[PDB]
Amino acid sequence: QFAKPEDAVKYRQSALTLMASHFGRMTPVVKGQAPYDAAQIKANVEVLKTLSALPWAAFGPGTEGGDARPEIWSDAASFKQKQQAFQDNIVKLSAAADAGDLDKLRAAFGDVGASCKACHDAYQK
């Protein structure tokens, strides 16, 4: 869907920004600093689920740029493993949200955050 590699960079940066806001805005809730409304969190995690699937298709062949470390395309199976582990951790977060359980939400949120950090460490300049 991208006329030039810069368009893919633009897209993935935007997706990651949006995905990130939807994750991070829950931090006060998991810490107890903001109230827990199960329906609110269910709805937000549904948004995050959708967003979480979007960046990866914008690291397609020929789309080097931005802050993507070069190690993304040359180790494609390993990068995939990574987004799929993150993507699996998101499934867990959805299950916790859909079940209305703040303890399960806290644990799932932490494992998502660890997966963000793992990919960041390997693949972000």
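From 1 onward, residues are counted along the sequence shown.
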Residue range whose averaged C-alpha B-factor is higher in the record, 97 to 105 or 19 to 27
97 to 105
Comparing recorded Cα B-factors across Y36, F86, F79, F59, which one is largest?
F79
Using the B-factor values recorded in the entry, state whether the Cα atom of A53 falls in the lowest, middle or highest third among the modelled residues of its chain.
lowest
Ranking every modelled residue in this chain by its Cα temperature factor as given in the entry, which third contains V45?
lowest
Ordered by C-alpha B-factor within the chain, which third holds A8? Give me lowest, middle or highest, please.
lowest
